[PDB]
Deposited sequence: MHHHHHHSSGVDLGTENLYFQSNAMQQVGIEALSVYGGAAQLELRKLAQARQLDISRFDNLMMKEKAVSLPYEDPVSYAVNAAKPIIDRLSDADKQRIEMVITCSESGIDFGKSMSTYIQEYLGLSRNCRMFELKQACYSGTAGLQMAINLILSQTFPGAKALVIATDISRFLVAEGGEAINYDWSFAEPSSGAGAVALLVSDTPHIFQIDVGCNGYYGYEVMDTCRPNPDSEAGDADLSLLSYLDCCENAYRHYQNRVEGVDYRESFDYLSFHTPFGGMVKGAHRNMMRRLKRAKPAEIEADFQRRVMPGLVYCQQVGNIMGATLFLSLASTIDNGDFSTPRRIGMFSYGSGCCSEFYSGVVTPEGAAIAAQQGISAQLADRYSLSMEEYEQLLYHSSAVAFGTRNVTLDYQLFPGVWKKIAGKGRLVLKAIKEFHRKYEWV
């Protein structure tokens, strides 16, 4: 049967910090961030949260649906590690502000950066189950890095509409490998915080990248890591690490020499890194952003197959695949992701640091707060009149949002 992503839309924040400014302010040489292929990170304002991020990512999808198609959305899965409640899913707020049907399953999924992929797969299985033919699912991965790790951690959301008419990404059904085990590589044992080990996290990612793919290879006869995938998209904490993973895979699976590996990297992997470098690590949404980036920056003059590797600390991982056609690539291009990202406010270092200081007022567990939209007037100038959702207030734990 046919299934996959009918529509894909991204929100990469209203503001960003150029990492060269951070390097300069911290006495580091620029070449270290250049080395790791990090350029900019998206930065969340205090009047934004994962809900407003999710809504702004999903809004263009919903705006294009007929009333009838909009009412066919019967599942909303929010995929995040930036939750705002121990029990209430963000999906309830998202449903409210996008005006979706009350006849809709709503919940939130957690497994660090694997959450997005897990949500997508559950959505795929809803359609394949044929329990409710015509039903669509809306899967939104949304995360923010609210500091009260730093150079790589961004903010963003990517919304997927999943259905039996996959205009954007047609899934290779049953072509899935997955692998996980308990490991303390990174975790978030406190609000607005993160603990873990860079090295252990990298080594676990590489172990999973190999084993999840091996499980896919065992299930899909005759697949070849070079020949079967025109592009590869990865969960991308930063580009330099994806370059290392891809190098390791090519070395092991194809015995490729260094020059050919690098050529293969530039051809199949770099396209997916373009938008990643402009937002930073957005956690569970990062692999979906890479897919979007691969689609916009790669060559789709004939249909192409994309291999997808998802990883989440803790850990769990999955390798899967699908096809994008020339028509799907043209639809994706109408989203104007590149122009959105370029139009964001470029923060000075003084502003960035004020922003960190002010983010404390909306920490996890905040009961009452009234946001000052004029914290940064120039940033507001970039948001107002665009039809963006923002967080207006919290009143007795109830979050109130406003279109501006």
Missing CA coverage against the deposited sequence, listed in sequence order. 1 to 25, 174 to 187
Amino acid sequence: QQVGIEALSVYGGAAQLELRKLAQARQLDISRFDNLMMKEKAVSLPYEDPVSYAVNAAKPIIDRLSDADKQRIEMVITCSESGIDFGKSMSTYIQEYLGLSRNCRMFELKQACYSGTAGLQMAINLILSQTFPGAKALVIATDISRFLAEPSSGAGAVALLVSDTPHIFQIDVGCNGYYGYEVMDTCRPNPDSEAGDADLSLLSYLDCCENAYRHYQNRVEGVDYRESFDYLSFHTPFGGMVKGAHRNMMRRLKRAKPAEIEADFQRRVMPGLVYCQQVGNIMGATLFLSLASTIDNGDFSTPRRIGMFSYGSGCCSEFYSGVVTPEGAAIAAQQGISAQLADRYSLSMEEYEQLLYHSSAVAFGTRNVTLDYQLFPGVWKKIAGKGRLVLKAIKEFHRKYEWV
From here on, numbers count along this sequence of modelled residues.
Regarding 348 to 356 and 49 to 57, which shows the higher C-alpha temperature factor on average in the entry? 348 to 356
Of 255 to 263 and 307 to 315, the one with larger mean CA B-factor: 255 to 263
Sorting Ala333, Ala285, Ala123, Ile94 by Cα temperature factor from the record, which one lands on top? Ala333
Between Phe86, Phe147, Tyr178, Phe234, which one tops the list for C-alpha B-factor in the PDB entry? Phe147
What third of the chain does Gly280 rank in for C-alpha temperature factor, lowest, middle or highest? lowest
Of the three thirds of its chain by CA temperature factor, lowest, middle or highest, which one includes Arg188? middle
Within-chain third of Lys381 by Cα B-factor, per the entry: highest
Chain thirds of CA B-factor: placement of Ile295: middle
Third of the chain's Cα B-factor distribution that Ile337 belongs to, per the entry: middle
